[PDB]
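Asks: One file is attached below, upload20.cif, containing mmCIF, C-alpha atoms.
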data_entry
loop_
_atom_site.label_atom_id
_atom_site.label_comp_id
_atom_site.auth_asym_id
_atom_site.auth_seq_id
_atom_site.Cartn_x
_atom_site.Cartn_y
_atom_site.Cartn_z
CA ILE A 44 177.15 139.16 182.79
CA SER A 45 179.91 139.64 185.35
CA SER A 46 183.70 139.65 185.57
CA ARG A 47 184.60 135.97 185.97
CA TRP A 48 187.80 136.52 187.93
CA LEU A 49 188.05 132.92 189.13
CA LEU A 50 188.28 131.58 185.58
CA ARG A 51 190.82 134.26 184.64
CA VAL A 52 193.24 133.75 187.54
CA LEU A 53 193.09 129.96 187.91
CA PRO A 54 195.74 128.04 185.95
CA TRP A 55 194.41 125.12 183.94
CA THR A 56 195.92 121.63 183.93
CA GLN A 57 195.44 119.25 181.01
CA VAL A 58 193.62 116.05 181.96
CA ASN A 59 193.71 112.77 180.02
CA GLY A 60 190.68 110.49 180.07
CA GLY A 61 188.55 112.90 182.08
CA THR A 62 190.01 111.78 185.41
CA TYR A 63 192.68 113.18 187.73
CA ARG A 64 194.43 111.63 190.74
CA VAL A 65 195.76 113.50 193.78
CA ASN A 66 197.71 111.75 196.54
CA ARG A 67 196.35 112.36 200.05
CA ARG A 68 198.56 112.11 203.15
CA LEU A 69 196.54 112.79 206.30
CA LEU A 254 195.05 107.28 202.46
CA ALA A 255 193.76 106.30 199.03
CA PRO A 256 194.34 108.96 196.34
CA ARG A 257 191.34 111.14 195.57
CA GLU A 258 190.04 110.91 192.00
CA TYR A 259 188.53 113.93 190.23
CA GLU A 260 186.13 113.35 187.33
CA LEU A 261 185.38 116.20 184.95
CA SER A 262 181.90 117.69 185.22
CA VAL A 263 179.87 118.98 182.29
CA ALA A 264 177.76 122.07 181.59
CA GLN A 265 175.39 121.22 178.74
CA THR A 266 172.67 123.20 176.98
CA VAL A 267 170.53 122.68 173.88
CA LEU A 268 170.59 125.56 171.38
CA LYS A 269 167.30 125.67 169.45
CA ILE A 270 167.10 127.74 166.25
CA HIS A 271 164.17 127.87 163.85
CA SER A 272 165.05 127.08 160.24
CA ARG A 273 163.63 130.37 158.95
CA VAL A 274 166.06 132.36 161.10
CA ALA A 275 169.05 130.33 159.89
CA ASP A 276 168.02 130.85 156.25
CA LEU A 277 166.95 134.48 155.93
CA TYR A 278 168.32 136.55 158.84
CA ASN A 279 172.03 136.18 158.03
CA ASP A 280 172.51 139.39 156.02
CA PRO A 281 173.16 142.06 158.71
CA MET A 282 174.67 139.56 161.15
CA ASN A 283 174.75 135.76 161.28
CA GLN A 284 172.18 135.16 164.01
CA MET A 285 173.23 131.51 164.28
CA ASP A 286 176.64 132.66 165.51
CA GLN A 287 175.10 135.41 167.66
CA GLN A 288 172.98 132.87 169.54
CA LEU A 289 176.02 130.60 169.87
CA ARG A 290 178.06 133.30 171.61
CA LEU A 291 175.12 134.15 173.87
CA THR A 292 174.83 130.53 175.00
CA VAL A 293 178.59 130.18 175.50
CA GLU A 294 178.59 133.19 177.83
CA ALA A 295 175.75 131.63 179.83
CA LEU A 296 177.76 128.41 180.18
CA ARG A 297 180.80 130.34 181.44
CA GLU A 298 178.65 132.00 184.11
CA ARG A 299 177.44 128.57 185.23
CA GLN A 300 181.00 127.23 185.42
CA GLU A 301 181.96 130.15 187.65
CA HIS A 302 178.97 129.44 189.90
CA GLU A 303 179.74 125.72 190.19
CA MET A 304 183.44 126.09 190.98
CA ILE A 305 182.44 128.04 194.11
CA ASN A 306 179.13 126.53 195.26
CA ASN A 307 179.27 122.88 194.16
CA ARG A 308 179.19 120.49 197.11
CA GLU A 309 181.45 117.94 195.47
CA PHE A 310 184.34 120.08 194.19
CA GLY A 311 183.41 123.68 195.05
CA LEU A 312 185.97 125.82 196.83
CA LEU A 313 183.55 126.80 199.62
CA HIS A 314 183.18 123.13 200.61
CA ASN A 315 186.69 121.72 200.01
CA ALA A 316 188.49 123.68 202.73
CA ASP A 317 190.15 121.87 205.63
CA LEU A 318 188.57 122.45 209.03
CA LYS A 319 191.89 123.84 210.29
CA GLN A 320 191.81 126.36 207.42
CA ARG A 321 188.42 127.83 208.39
CA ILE A 322 188.59 130.76 210.82
CA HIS A 323 186.11 133.20 212.32
CA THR A 324 186.44 136.93 212.90
CA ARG A 325 186.94 138.41 216.36
CA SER A 326 183.81 140.55 215.88
CA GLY A 327 181.17 141.13 213.25
CA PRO A 328 182.71 143.41 210.63
CA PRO A 329 185.77 142.31 208.63
CA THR A 330 188.57 144.22 210.32
CA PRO A 331 192.16 144.76 209.22
CA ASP A 332 193.23 142.39 212.11
CA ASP A 333 191.07 139.62 210.63
CA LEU A 334 192.69 140.06 207.20
CA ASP A 335 196.16 139.71 208.73
CA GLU A 336 195.18 136.46 210.46
CA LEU A 337 193.77 135.03 207.22
CA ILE A 338 196.98 135.57 205.23
CA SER A 339 199.24 134.22 208.00
CA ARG A 340 197.86 130.66 207.81
CA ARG A 341 199.75 129.70 204.63
CA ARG A 342 202.83 130.56 202.60
CA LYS A 343 202.56 132.69 199.45
CA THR A 344 198.94 133.78 199.39
CA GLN A 345 198.24 135.10 195.91
CA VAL A 346 194.61 136.26 195.65
CA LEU A 347 191.60 137.21 197.77
CA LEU A 348 187.99 136.73 196.66
CA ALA A 349 184.94 138.38 198.22
CA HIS A 350 181.48 139.59 197.34
CA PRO A 351 181.30 143.23 196.18
CA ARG A 352 179.20 144.09 199.24
CA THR A 353 181.87 142.50 201.44
CA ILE A 354 184.56 144.61 199.77
CA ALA A 355 182.55 147.73 200.64
CA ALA A 356 182.42 146.63 204.29
CA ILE A 357 186.19 146.09 204.31
CA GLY A 358 186.73 149.63 203.01
CA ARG A 359 184.61 151.14 205.78
CA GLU A 360 186.86 149.53 208.39
CA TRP A 361 189.91 150.99 206.63
CA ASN A 362 188.45 154.51 206.75
CA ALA A 363 187.64 154.31 210.46
CA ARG A 364 191.31 153.57 211.22
CA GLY A 365 192.76 156.11 208.78
CA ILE A 366 194.68 153.73 206.51
CA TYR A 367 194.77 153.90 202.70
CA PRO A 368 196.06 150.69 201.06
CA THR A 369 197.98 151.18 197.84
CA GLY A 370 196.76 148.64 195.27
CA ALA A 371 198.26 146.21 192.79
CA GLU A 372 198.32 145.21 189.12
CA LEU A 373 197.00 141.87 187.85
CA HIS A 374 196.95 140.61 184.25
CA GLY A 375 197.21 144.16 182.93
CA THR A 376 194.45 145.45 185.22
CA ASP A 377 194.72 147.64 188.32
CA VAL A 378 192.85 146.20 191.31
CA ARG A 379 192.60 146.78 195.04
CA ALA A 380 195.02 144.99 197.34
CA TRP A 381 195.85 144.31 200.98
CA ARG A 382 199.55 143.89 201.86
CA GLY A 383 200.19 143.57 198.13
CA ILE A 384 197.68 140.73 197.68
CA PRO A 385 195.04 141.61 195.05
CA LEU A 386 191.42 141.59 196.21
CA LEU A 387 188.92 140.66 193.50
CA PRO A 388 185.11 140.90 193.50
CA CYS A 389 182.91 137.88 192.86
CA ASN A 390 179.11 137.95 192.97
CA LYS A 391 178.83 134.15 192.92
CA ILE A 392 179.74 134.01 196.63
CA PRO A 393 176.42 133.76 198.51
CA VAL A 394 175.16 136.31 201.02
CA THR A 395 173.01 134.93 203.82
CA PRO A 396 169.67 136.54 204.79
CA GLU A 397 171.29 137.63 208.07
CA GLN A 398 173.80 139.74 206.07
CA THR A 399 176.85 137.47 206.30
CA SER A 400 179.31 136.33 203.64
CA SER A 401 182.76 134.76 203.27
CA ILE A 402 186.25 135.71 202.10
CA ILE A 403 188.49 133.26 200.24
CA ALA A 404 192.30 133.21 200.21
CA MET A 405 194.24 130.71 198.13
CA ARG A 406 197.60 129.81 196.61
CA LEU A 407 197.73 129.05 192.89
CA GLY A 408 199.69 126.82 190.55
CA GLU A 409 200.82 123.21 190.37
CA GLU A 410 204.48 124.10 190.96
CA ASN A 411 203.39 126.00 194.09
CA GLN A 412 201.10 123.11 195.15
CA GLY A 413 198.12 125.45 195.03
CA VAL A 414 194.63 125.35 193.57
CA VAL A 415 194.34 124.38 189.89
CA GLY A 416 191.61 124.18 187.28
CA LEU A 417 190.94 120.91 185.46
CA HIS A 418 189.95 120.73 181.80
CA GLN A 419 190.60 118.62 178.71
CA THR A 420 191.36 120.29 175.38
CA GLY A 421 191.68 118.64 171.99
CA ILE A 422 188.16 117.17 171.98
CA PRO A 423 186.95 116.37 168.42
CA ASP A 424 184.68 119.33 167.57
CA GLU A 425 186.25 122.29 169.38
CA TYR A 426 184.45 125.60 168.99
CA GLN A 427 186.59 126.82 171.90
CA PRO A 428 189.26 124.93 173.88
CA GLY A 429 187.38 122.45 176.04
CA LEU A 430 184.00 123.33 174.48
CA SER A 431 182.16 121.33 171.82
CA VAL A 432 179.18 121.87 169.52
CA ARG A 433 177.34 119.04 167.73
CA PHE A 434 174.66 119.13 165.05
CA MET A 435 172.20 116.87 166.92
CA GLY A 436 169.39 117.11 164.35
CA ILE A 437 166.12 118.71 163.25
CA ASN A 438 162.72 117.85 164.73
CA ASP A 439 159.22 117.78 163.22
CA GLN A 440 158.98 121.56 163.35
CA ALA A 441 161.67 123.37 161.37
CA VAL A 442 163.77 123.86 164.51
CA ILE A 443 167.50 123.11 164.43
CA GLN A 444 168.95 121.84 167.71
CA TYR A 445 172.58 121.97 168.83
CA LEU A 446 174.39 120.41 171.79
CA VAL A 447 176.98 122.59 173.56
CA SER A 448 179.23 120.94 176.15
CA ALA A 449 182.04 122.17 178.39
CA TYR A 450 184.09 119.94 180.70
CA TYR A 451 185.72 121.32 183.84
CA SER A 452 186.70 120.62 187.44
CA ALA A 453 188.82 122.05 190.25
CA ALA A 454 191.28 120.46 192.68
CA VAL A 455 193.18 121.57 195.78
CA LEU A 456 196.58 119.87 195.81
CA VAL A 457 197.46 120.36 199.49
CA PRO A 458 195.08 121.22 202.36
CA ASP A 459 196.89 124.44 203.38
CA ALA A 460 196.46 126.07 199.95
CA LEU A 461 192.95 127.39 200.67
CA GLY A 462 191.53 129.42 203.55
CA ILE A 463 188.10 130.79 204.39
CA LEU A 464 186.96 133.61 206.66
CA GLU A 465 183.58 132.19 207.52
CA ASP A 466 181.07 134.64 209.02
CA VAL A 467 181.76 138.20 207.88
CA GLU A 468 179.00 140.53 209.10
CA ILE A 469 178.47 142.98 206.24
CA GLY A 470 175.72 145.58 206.31
CA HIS A 471 176.74 147.44 209.47
#
Here is the file; what I need is its structure written in the form of structure tokens.
Replies:
Amino acid sequence: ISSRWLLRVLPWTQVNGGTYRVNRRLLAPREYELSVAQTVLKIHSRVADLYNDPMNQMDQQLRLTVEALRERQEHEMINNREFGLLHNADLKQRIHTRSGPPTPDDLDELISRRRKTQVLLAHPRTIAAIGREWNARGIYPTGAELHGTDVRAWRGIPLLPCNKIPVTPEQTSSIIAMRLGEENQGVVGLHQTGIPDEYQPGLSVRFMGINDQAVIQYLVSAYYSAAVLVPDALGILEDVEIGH
């Protein structure tokens, strides 16, 4: 279990028919199809019958599986090669640091490549390496407030931890800066609510059936995707040398 900041900060756009069209002006519009995170919830019939007195274990297992699905959605929206944010950045929007460690000069270059940068995402180990560079230069950044929470910030831009961002064996990671919202032509999240059997908005549970053994099976499905409206809404600092 982790703090899924990406799901909390991304706005969500309603999609009809499971498909979304974005006009590209460098040709043909790019089409986004919703992806699915599915799991089968298996419960023995004895548990569903007898173990409901202190707490309904059928609902307890349902919440446990839903949390696992949310963790997988967070992982896919960053690392997926089709629609992940680490692979859908324009080549002009990818920059490298002057030296190994992530210095305050590198952060200023990252936020100067687009208008109205709204959030920074980095691995918790990367955030620790950023703080060490601050201390060596004797600067103490103030901080910001986001969604009722107090978080760290740089030039007023909140910096949020995310453990889904990979760390290479050679102790390198990446930092992500993005603009948000459809009205700002930023990054948006794609989902479709109103599906027939909604346990949660955009999430469905179906009875499926019972097999030869007294095991009840359920199908849990969540549909999601992500899109970048304009190329200059996302930026990556590629090779940040953490660990020294």
Asks: For stretch 434-444 of chain A, list every protein, DNA or RNA residue within 7 Å, evaluated using only C-alpha atoms, and leave out those in the same chain fewer than 4 positions away; present the list as an MDAnalysis selection string.
Replies: chainID A and resid 267:272
Asks: Counting only C-alpha atoms, what is within 10 Å of residue A:427, bar same-chain residues fewer than 6 positions away, as a ChimeraX atom specification?
Replies: /A:293,420-421,449
Asks: Identify, on the basis of all atoms listed in the file, every residue whose closest approach to residue A:334 does not exceed 10 Å; exclude the query and any residue fewer than 2 positions from it along the same chain; express the result as a list in words.
Replies: residues 324, 329, 330, 331, 332, 336, 337, 338, 339, 347, 357, 381, 382, 402, 404 and 464 of chain A
Asks: Selected by the PyMOL selection byres ((chain A and resi 358) around 12) in the shown coordinates: which residues, as a PyMOL selection string?
Replies: chain A and resi 328-331+351-357+359-368+379-381+386+469
Asks: Mind checking which residues fall within 8 Å of stretch 458-461 of chain A, counting only C-alpha atoms, ignoring those fewer than 3 positions away in the same chain, and posting them as a ChimeraX atom specification?
Replies: /A:316-317,320,340-341,403-407,412-414,455
Asks: Name the residues captured by the PyMOL selection byres ((chain A and resi 58-255) around 7) when it is applied to the shown file; answer as a list in words.
Replies: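 On the file shown, the PyMOL selection byres ((chain A and resi 58-255) around 7) covers residues 56, 57, 256, 257, 258, 259, 260, 261, 417, 418, 419 and 456 of chain A.
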Asks: Can I get the selection written as an mmCIF file, in the frame of the given file, with C-alpha atoms?
Replies:
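To be explicit, this is the file written out as selection.cif:
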data_model
loop_
_atom_site.group_PDB
_atom_site.id
_atom_site.type_symbol
_atom_site.label_atom_id
_atom_site.label_comp_id
_atom_site.auth_asym_id
_atom_site.auth_seq_id
_atom_site.Cartn_x
_atom_site.Cartn_y
_atom_site.Cartn_z
ATOM 1 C CA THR A 56 195.920 121.630 183.930
ATOM 2 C CA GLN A 57 195.440 119.250 181.010
ATOM 3 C CA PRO A 256 194.340 108.960 196.340
ATOM 4 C CA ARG A 257 191.340 111.140 195.570
ATOM 5 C CA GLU A 258 190.040 110.910 192.000
ATOM 6 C CA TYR A 259 188.530 113.930 190.230
ATOM 7 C CA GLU A 260 186.130 113.350 187.330
ATOM 8 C CA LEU A 261 185.380 116.200 184.950
ATOM 9 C CA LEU A 417 190.940 120.910 185.460
ATOM 10 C CA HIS A 418 189.950 120.730 181.800
ATOM 11 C CA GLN A 419 190.600 118.620 178.710
ATOM 12 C CA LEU A 456 196.580 119.870 195.810
#
Asks: Between A:463, A:453, A:371, A:49, which is the closest to residue A:309 once you count all atoms listed in the file?
Replies: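 With all atoms listed in the file as the atom set, the closest residue is A:453.
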Asks: What do you get, as a list in words, if you spell out every residue that the PyMOL selection byres ((chain A and resi 289) around 12) selects here?
Replies: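 When the PyMOL selection byres ((chain A and resi 289) around 12) is applied to the shown file, the picked residues are residues 266, 267, 268, 269, 270, 283, 284, 285, 286, 287, 288, 290, 291, 292, 293, 294, 295, 296, 426, 427, 430, 431, 432, 433, 444, 445, 446, 447 and 448 of chain A.
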Asks: With only C-alpha atoms as the basis for distance, which of A:450, A:53, A:465, A:276 is at the shortest distance from residue A:428?
Replies: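 So, comparing all the options, the nearest one is A:450.
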Asks: Which one of A:376, A:326, A:390, A:411 sits closest to residue A:468 if you count only C-alpha atoms?
Replies: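 Closest to residue A:468 of all the choices is A:326.
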Asks: Could you pull the residues within 9 Å of residue A:393, counting only C-alpha atoms, minus those fewer than 3 positions along the same chain, as a list in words?
Replies: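 These residues fall inside the cut-off: residues 306, 350, 390, 399, 400 and 401 of chain A.
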Asks: Counting all atoms listed in the file, which of A:384, A:48, A:299, A:263 gets nearest to residue A:343?
Replies: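 Of A:384, A:48, A:299, A:263, the one nearest residue A:343 is A:384, counting all atoms listed in the file.
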Asks: Which residue, A:349, A:44, A:264, A:282, has the smallest gap to residue A:451 when you use all atoms listed in the file?
Replies: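 The answer is A:264, which sits nearest to residue A:451.
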Asks: Quick one: pull the distance between atom CA of residue A:321 and atom CA of residue A:45, Å, one decimal.
Replies: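 Between atom CA of residue A:321 and atom CA of residue A:45 the gap is 27.3 Å.
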Asks: Here is a test: counting all atoms listed in the file, which residue of A:470, A:462, A:370, A:429 is nearest to residue A:394?
Replies: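 Distance minimum relative to residue A:394 lands on A:470.
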Asks: Just to confirm, what's the straight-line distance from atom CA of residue A:398 to atom CA of residue A:303 in Å (one decimal)?
Replies: 22.0 Å
Asks: Would it be fine to have stretch 271-384 of chain A, with C-alpha atoms, given as an mmCIF file, in the first residue's frame?
Replies:
data_model
loop_
_atom_site.group_PDB
_atom_site.id
_atom_site.type_symbol
_atom_site.label_atom_id
_atom_site.label_comp_id
_atom_site.auth_asym_id
_atom_site.auth_seq_id
_atom_site.Cartn_x
_atom_site.Cartn_y
_atom_site.Cartn_z
ATOM 1 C CA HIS A 271 -15.124 -20.626 -0.459
ATOM 2 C CA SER A 272 -18.813 -21.126 0.283
ATOM 3 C CA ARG A 273 -18.179 -21.955 3.948
ATOM 4 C CA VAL A 274 -16.577 -18.545 4.529
ATOM 5 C CA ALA A 275 -19.489 -16.723 2.892
ATOM 6 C CA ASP A 276 -22.000 -18.632 5.038
ATOM 7 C CA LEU A 277 -20.547 -18.753 8.551
ATOM 8 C CA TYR A 278 -17.861 -16.063 8.991
ATOM 9 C CA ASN A 279 -20.126 -13.014 8.583
ATOM 10 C CA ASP A 280 -20.860 -12.337 12.271
ATOM 11 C CA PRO A 281 -17.872 -10.220 13.430
ATOM 12 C CA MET A 282 -17.278 -8.759 9.961
ATOM 13 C CA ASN A 283 -18.567 -9.648 6.495
ATOM 14 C CA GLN A 284 -15.462 -11.322 5.083
ATOM 15 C CA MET A 285 -16.951 -11.245 1.576
ATOM 16 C CA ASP A 286 -16.817 -7.443 1.685
ATOM 17 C CA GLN A 287 -13.406 -7.470 3.392
ATOM 18 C CA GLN A 288 -11.900 -9.505 0.555
ATOM 19 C CA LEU A 289 -13.613 -7.229 -1.966
ATOM 20 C CA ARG A 290 -11.951 -4.117 -0.531
ATOM 21 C CA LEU A 291 -8.585 -5.894 -0.404
ATOM 22 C CA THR A 292 -8.812 -6.772 -4.104
ATOM 23 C CA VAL A 293 -9.970 -3.268 -5.068
ATOM 24 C CA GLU A 294 -6.912 -1.759 -3.373
ATOM 25 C CA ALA A 295 -4.675 -4.159 -5.300
ATOM 26 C CA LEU A 296 -6.307 -3.063 -8.567
ATOM 27 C CA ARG A 297 -5.725 0.609 -7.733
ATOM 28 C CA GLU A 298 -2.032 -0.104 -7.147
ATOM 29 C CA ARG A 299 -1.842 -1.783 -10.559
ATOM 30 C CA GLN A 300 -3.537 1.180 -12.255
ATOM 31 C CA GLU A 301 -0.961 3.516 -10.706
ATOM 32 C CA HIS A 302 1.847 1.275 -11.965
ATOM 33 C CA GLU A 303 0.463 1.087 -15.510
ATOM 34 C CA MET A 304 -0.171 4.813 -15.943
ATOM 35 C CA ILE A 305 3.575 5.365 -15.436
ATOM 36 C CA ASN A 306 5.291 2.292 -16.900
ATOM 37 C CA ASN A 307 2.989 1.122 -19.709
ATOM 38 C CA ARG A 308 4.673 1.310 -23.116
ATOM 39 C CA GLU A 309 1.490 2.213 -24.945
ATOM 40 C CA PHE A 310 0.050 5.031 -22.806
ATOM 41 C CA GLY A 311 2.438 5.391 -19.859
ATOM 42 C CA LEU A 312 3.731 8.842 -18.998
ATOM 43 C CA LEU A 313 7.383 7.738 -19.042
ATOM 44 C CA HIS A 314 7.050 6.728 -22.711
ATOM 45 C CA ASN A 315 4.675 9.384 -24.115
ATOM 46 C CA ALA A 316 6.998 12.383 -23.745
ATOM 47 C CA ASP A 317 8.164 14.305 -26.799
ATOM 48 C CA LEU A 318 11.873 14.052 -27.565
ATOM 49 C CA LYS A 319 12.157 17.836 -27.247
ATOM 50 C CA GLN A 320 10.658 17.561 -23.746
ATOM 51 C CA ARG A 321 13.323 15.133 -22.457
ATOM 52 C CA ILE A 322 16.370 16.807 -20.905
ATOM 53 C CA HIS A 323 19.485 15.644 -19.077
ATOM 54 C CA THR A 324 21.190 17.099 -16.027
ATOM 55 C CA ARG A 325 24.463 19.006 -16.251
ATOM 56 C CA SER A 326 26.034 16.563 -13.773
ATOM 57 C CA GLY A 327 25.029 13.490 -11.807
ATOM 58 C CA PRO A 328 23.031 14.711 -8.820
ATOM 59 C CA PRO A 329 19.752 16.605 -9.295
ATOM 60 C CA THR A 330 20.790 20.183 -8.628
ATOM 61 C CA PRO A 331 18.658 23.283 -8.085
ATOM 62 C CA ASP A 332 19.848 24.517 -11.570
ATOM 63 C CA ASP A 333 18.434 21.358 -13.167
ATOM 64 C CA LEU A 334 15.057 21.905 -11.487
ATOM 65 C CA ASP A 335 14.882 25.459 -12.850
ATOM 66 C CA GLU A 336 15.561 24.233 -16.394
ATOM 67 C CA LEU A 337 12.844 21.577 -16.124
ATOM 68 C CA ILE A 338 10.109 24.052 -15.151
ATOM 69 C CA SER A 339 11.106 26.609 -17.807
ATOM 70 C CA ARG A 340 10.193 24.349 -20.752
ATOM 71 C CA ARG A 341 6.420 24.850 -20.459
ATOM 72 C CA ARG A 342 3.810 27.273 -19.173
ATOM 73 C CA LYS A 343 2.008 26.638 -15.874
ATOM 74 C CA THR A 344 3.748 23.591 -14.462
ATOM 75 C CA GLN A 345 1.528 22.238 -11.701
ATOM 76 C CA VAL A 346 3.130 19.137 -10.133
ATOM 77 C CA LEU A 347 6.443 17.285 -9.851
ATOM 78 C CA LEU A 348 6.722 13.514 -9.384
ATOM 79 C CA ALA A 349 9.817 11.638 -8.238
ATOM 80 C CA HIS A 350 10.847 8.517 -6.374
ATOM 81 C CA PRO A 351 11.234 8.957 -2.590
ATOM 82 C CA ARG A 352 14.953 8.194 -2.905
ATOM 83 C CA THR A 353 15.225 10.894 -5.581
ATOM 84 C CA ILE A 354 13.518 13.407 -3.279
ATOM 85 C CA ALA A 355 16.151 12.654 -0.636
ATOM 86 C CA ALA A 356 18.908 13.354 -3.178
ATOM 87 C CA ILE A 357 17.276 16.674 -4.097
ATOM 88 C CA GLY A 358 17.235 17.696 -0.434
ATOM 89 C CA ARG A 359 20.950 17.001 -0.029
ATOM 90 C CA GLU A 360 21.721 19.437 -2.852
ATOM 91 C CA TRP A 361 19.568 22.069 -1.135
ATOM 92 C CA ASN A 362 21.497 21.701 2.128
ATOM 93 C CA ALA A 363 24.896 22.037 0.442
ATOM 94 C CA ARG A 364 23.852 25.430 -0.964
ATOM 95 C CA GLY A 365 22.134 26.685 2.198
ATOM 96 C CA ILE A 366 18.605 27.128 0.821
ATOM 97 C CA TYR A 367 15.398 26.094 2.600
ATOM 98 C CA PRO A 368 12.352 25.928 0.291
ATOM 99 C CA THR A 369 9.052 26.824 1.895
ATOM 100 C CA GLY A 370 6.429 24.260 0.866
ATOM 101 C CA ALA A 371 2.868 24.232 -0.408
ATOM 102 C CA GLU A 372 -0.635 22.906 0.266
ATOM 103 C CA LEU A 373 -2.399 20.431 -2.026
ATOM 104 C CA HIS A 374 -5.895 18.956 -1.597
ATOM 105 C CA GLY A 375 -5.839 19.730 2.120
ATOM 106 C CA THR A 376 -2.361 18.233 2.604
ATOM 107 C CA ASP A 377 0.948 20.012 3.201
ATOM 108 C CA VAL A 378 3.698 18.832 0.840
ATOM 109 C CA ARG A 379 7.175 19.889 -0.224
ATOM 110 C CA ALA A 380 7.550 22.338 -3.090
ATOM 111 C CA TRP A 381 10.069 24.025 -5.368
ATOM 112 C CA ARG A 382 9.236 27.561 -6.543
ATOM 113 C CA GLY A 383 5.705 26.934 -5.295
ATOM 114 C CA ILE A 384 5.276 23.746 -7.360
#
